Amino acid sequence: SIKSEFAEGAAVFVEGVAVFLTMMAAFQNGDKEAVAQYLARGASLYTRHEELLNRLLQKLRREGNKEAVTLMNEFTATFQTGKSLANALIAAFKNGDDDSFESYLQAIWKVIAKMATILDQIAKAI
């Protein structure tokens, strides 16, 4: 159902946000081995989330909920376009470029915050 897919996607979002916050703290504390593990985990969370977003969008389009569809479109467009920032973050990790890594963490967080606002609006429109 729409509600089942939404709740499962929300829980993956919560996991990803938590991992991201933990990764920012590890980076600040100079624990790069932990940062590497969190970056690897974020990758599988991306795949898990993308599947749930697809499933939810299919169900929303079939039921014809216009407000929820347009919000979900913005969430998914941001999720997909934001992959470019994630790839740059990974590149900075591989290059040992901590200044760039820091910059992308802070820019990504701004996007995550926007996505969390959209997600709350989706919950109120389903």
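Counting begins at 1, following the sequence as shown.
Which wins on mean Cα temperature factor, 35-43 or 96-104?
Comparing averages over the C-alpha atoms only gives 35-43.
What stretch has the higher average Cα B-factor here, 116-124 or 1-9?
It is 116-124.
Among modelled residues of the same chain, the CA temperature factor third for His49
Tercile = middle for this residue's CA B-factor.
Select lowest, middle or highest to describe the third in which the CA B-factor of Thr76 falls within its chain in this entry.
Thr76: CA B-factor falls in the lowest third of its chain.
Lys66 - Cα temperature factor, lowest/middle/highest third of chain:
It falls in the top third of the chain.
Sorting the chain's modelled residues by C-alpha B-factor, tell me whether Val111 ends up in the lowest, middle or highest third.
It falls in the bottom third of the chain.
Taking only the Cα B-factors deposited for this chain, tell me whether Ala25 sits in the lowest, middle or highest third.
Within its chain, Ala25 is a middle-third residue by C-alpha B-factor, going by the deposited values.
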